[PDB]
Amino acid sequence: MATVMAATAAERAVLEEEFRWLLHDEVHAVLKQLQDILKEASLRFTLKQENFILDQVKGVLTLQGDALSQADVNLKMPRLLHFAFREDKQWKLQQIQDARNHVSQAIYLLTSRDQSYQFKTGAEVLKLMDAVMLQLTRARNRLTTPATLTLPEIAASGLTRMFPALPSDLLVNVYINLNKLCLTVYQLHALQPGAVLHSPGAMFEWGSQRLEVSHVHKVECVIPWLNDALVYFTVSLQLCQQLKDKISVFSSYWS
Amino acid sequence: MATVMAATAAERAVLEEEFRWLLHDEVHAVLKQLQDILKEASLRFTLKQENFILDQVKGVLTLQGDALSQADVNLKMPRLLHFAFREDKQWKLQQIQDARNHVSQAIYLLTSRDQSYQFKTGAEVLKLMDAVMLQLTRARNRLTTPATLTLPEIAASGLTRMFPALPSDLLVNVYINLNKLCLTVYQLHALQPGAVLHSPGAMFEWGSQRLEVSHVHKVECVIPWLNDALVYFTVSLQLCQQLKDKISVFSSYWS
Amino acid sequence: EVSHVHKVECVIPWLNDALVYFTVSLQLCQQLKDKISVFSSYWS
Amino acid sequence: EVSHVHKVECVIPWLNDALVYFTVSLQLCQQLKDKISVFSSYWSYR
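Parameters and conventions
Residues numbered from 1 in each chain as written, not as in the entry; some residues may be left out. Chains lettered and ligands numbered in written order. Part of a larger assembly, values for the part shown. Heavy atoms only, no water. Helix = DSSP H or I, 4+ residues; strand = E, 2+ residues; numbered from the N terminus. Buried < 20%, exposed > 50% of the residue type's maximum accessible area, 1.4 Å probe, protein only. Areas by Shrake-Rupley, 256 points an atom, 1.4 Å probe, with all protein chains shown as cover. Least-squares fit on C-alpha atoms. Pairing = 2+ DSSP bridges. Axes fitted to C-alpha atoms, helices over the stretch in contact; angles between N-to-C directions. Contact = heavy atoms within 4.5 Å. Buried area = accessible area lost by both parts, 1.4 Å probe. Polar contact = N/O pair within 3.5 Å; in protein donor to acceptor, adjacent residues only side chain to side chain. Nonpolar A, V, L, I, M, F, W, Y, C, P; charged D, E, K, R; others polar. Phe/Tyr/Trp six-rings, centres within 6.5 Å; stacked < 30°, edge-to-face > 60°. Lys NZ or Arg CZ within 6 Å of the ring centre and 35° of its normal. Patch = residues over 30% accessible without salt bridge, like charges linked within 9 Å, V, L, I, M, F, W, Y side chains within 5 Å. Salt bridge = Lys/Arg side-chain N within 4 Å of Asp/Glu carboxyl O.

Its PDB header names X-ray crystallography as the technique used to obtain the model and reports a resolution of 2.80 Å.

Shown next, in the form of structure tokens:
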């Protein structure tokens, strides 16, 4: 009988539609929450603590946003030496700038969409989620220790120029590792008549001379607002994943 | 006007071409660097330290390349027993052999290509990168503790045969865990009238008898050249990923 | 506003056993997938 | 100046055989390479 089948088909069509509205509201709820969390994460990168104390080598670094405004270092040798920047100079930590960029892009992805359209399949939501998650994971990854930084790249870095001015038996590197501001001093040794190891006994060329890393000193300190930011990234990623999974369940449920 | 459009189109075509050459040089630079790093990683697996001292159970193991040439073990019981190999015998650690194979394959992938061809889309570079990265990640994974090794497989291993010759209340396993040579002694207990747990209170059958693990003793020691190799793997993976990402950015930029 | 946070924890043995089981099962699955791929690429 | 061009040709059976042998050999080599790569990507050759 055709009347049965038609009224009936109307009943399933009604249920599916109502569920589509439920999923619509869920999607926009999660999106709004993402904008809130991510804007707070953004606010963490611009101005909260600025002075940090970092074993057997010690340091007091003043870090304002992405700019290492000052770096005062004491190295205890077999003998102590003391170093500082040009007083006037600032060294920018590229990791923070990069991360802040990814955050900015994610937030743009969330705020540049009309929060007023009727619900669809979800593949579009899925693409939005993928984009945002890519930005977050990239931010986090950049915050992490870059492995591909060579000793000659460290030497060619402006940071070496930034200090009283110091010899070529010492290299200084300052970077970020997830939730920790990191200061590393490489003690070198010219060799008698690659570069990736970063461990004692690593060899590389610099200038026109051949050098070997003799010792490595590593100190670090937690940066509270970086930690907050990372926590935000993790939470946002999970929110995105949950939305993706629910959308998949829905779409497979009614197909 | 058609003259405008043609000269113009020539201008964009010129810019895109020049950028294609930039990307060409970048690709080959990164590839060369990969061969250097990976060949050093390769050199680490063949001959550097050979004798290693490994809690409440102690061991002196002589490891040459992939071959555990000797293993001298002291076990302190409630009472001490002392064990060694047949003096003449060597136990090979399969993880190192496997890892070395993956490294060999990666290096082949890099050296068996003409470093002189004109630049293309990149999908081919992308496939090369995927292949290499798969080999690296597999090497690293193999170096890691294999979870799927059962106690009966440990018993059926030649290592048990390799020791003075010892009872069936003791099983000895030597394996690699990332950057650590590992020695584990399983103290057993025949049961009165699966096998995966590796924890105290795990049960399994061996020979024609049913046995239970009574206690587990685990000691380990860092292998410096393994650590160097792993560091190399990580750095290479990141270099590959960076190249993939840049190629994607380029390809999406001009499409 | 949260003023202080106190966190304590304790290992649950059977949860640990379960997790170990999950890891081992995942590896078994992965190994089977990889072998199947090797086979299929080998004869194609 | 070239006024006209005349081109005649003939199949050389043994040359043809040679080309066939080259191609077939190339194919054998690639198949072996593929098997070796497939196996070696997961297991050790020895």
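Trainee: Tell me what's going on with the overall build of chain C, and back it up with residues and numbers.
Mentor: Across its full length, chain C holds 1 helix and 0 strands. Overall, the C-alpha framework of chain C stretches about 65 × 30 × 5 Å when taken along its three principal axes. Each of the 44 residues in chain C was classed as buried or not, and the buried ones make up 9%. Of the roughly 4300 Å² that chain C leaves accessible, carbon and sulfur atoms contribute 64%.

Trainee: Provide a residue-level description of the relation of the copies chain B and chain A, including the pertinent values.
Mentor: Each copy of the sequence occupies a distinct position, and chain B is placed on chain A by a rotation of 120° and an axial shift of 0.0 Å, giving an RMSD of 0.0 Å. Look at the turn and shift together and you get a three-fold axis relating the two. No C-alpha of chain B lies nearer the rotation axis than that of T137 of chain B, which sits 11 Å from it.

Trainee: Break down the sheet that holds strand β7 (residues 180-190) of chain B for me, with residues and values.
Mentor: Residues and elements named next belong to chain B. Taken in spatial order, the 4 strands make up an open sheet running β6-β7-β9-β8, and their pairing is antiparallel. This sheet does not close on itself; its edge strands, each paired only once, are β6 (170-176) and β8 (203-206). Averaged over all pairs of adjacent strands, the angle between strand axes in this sheet comes to 40°, irrespective of strand direction. Pairing analysis gives 7 bridges linking β6 to β7, with the strands arranged antiparallel. Within the sheet, the bridge partner assigned to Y175 lies in β7 and is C182.

Trainee: Which residues make up the sheet that holds strand β6 (residues 170-176) of chain A, and what are the values?
Mentor: Residue and element names in this part refer to chain A. Reading across the sheet, the 4 strands line up as β6-β7-β9-β8 and stay open at both edges, with antiparallel pairing between neighbours. The open sheet has two edge strands with one neighbour each: β6 and β8 (203-206). Within this sheet the neighbouring strands show an average axis-to-axis angle of 40°, counted without direction. Summarising the sheet, strand β7 (residues 180-190) and strand β9 (residues 209-222) pair through 11 bridges and their orientation is antiparallel. Looking across to β9, one finds that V185 is bridged to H217.

Trainee: Please provide a residue-by-residue account of the interface of chain D and chain B, values included.
Mentor: Each side of the interface is counted separately: chain D has 8 residues, and chain B has 9 residues. Across the chain D/chain B interface, buried area totals approximately 670 Å², and carbon plus sulfur atoms make up 30% of it. On the chain D side of the contact with chain B, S41, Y42 and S44 of chain D bury the most area, a combined 58% of that side's loss. On inspection of chain D and its partner chain B, the count reaches 9 residue pairs in polar contact. When the residues that make up the side of chain D that touches chain B are grouped by side-chain class, the tally is 3 nonpolar, 3 polar and 2 charged.

Trainee: Describe the environment of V2 of chain C, with residues and values.
Mentor: Assignment of secondary structure puts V2 of chain C in the segment before α1 (13-43). In this structure, the C-alpha to C-alpha distance between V2 of chain C and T23 of chain C, residues 21 residues apart in sequence, is 37 Å.

Trainee: Tell me about the pairing of strand β9 (residues 209-222) of chain B, residues and numbers included.
Mentor: All names here are of chain B. The pairing of β8 with β9 spans 4 bridges and is antiparallel. Directly across from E205, in β9, lies its bridge partner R210. Between β8 and β9, which follow one another and run antiparallel, lie 2 residues, and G207 among them has a positive phi close to 65°.

Trainee: For the packing of aromatic side chains, give the residues involved together with the corresponding values.
Mentor: Residue and element names in this part refer to chain A. Scanning the model with the defined rule gives 16 aromatic pairs over all chains in all. Both rings, one in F45 and one in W225, keep their centres 5.5 Å apart while their planes meet at 75°; by these two values the pair is edge-to-face. Of the two residues, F45 and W225, both sit in the buried class. Centroid distance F119 to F250: 6.0 Å. Interplanar angle 80°. Geometry classified as edge-to-face. The pair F119 / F250 is uniform in exposure class, with both members buried. Within the aromatic cluster, the residues linked to one another by ring pairs are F19, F119, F250, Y253 and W254. Over the face of the ring belonging to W225 we find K48, whose NZ or CZ atom lies 6.0 Å from the ring centre.

Trainee: I'd like to hear about a nonpolar patch on the surface, residue by residue, with values.
Mentor: Residues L19, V20, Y21, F22, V24 and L28 of chain D make up a contiguous nonpolar surface patch of roughly 640 Å² in combined accessible area. The topology assignment puts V24 of chain D in helix α1 (residues 13-40).

Trainee: Let's hear about the environment of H82 of chain B: which residues, and what values?
Mentor: Residue and element names in this part refer to chain B. Inspection of the secondary structure assignment puts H82 in strand β4 (residues 81-83). Residue class for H82 comes out partly exposed when judged on its relative accessible area of 45%. The contacts of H82, once residues within four sequence positions are left out, are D72, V73, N74 and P164.

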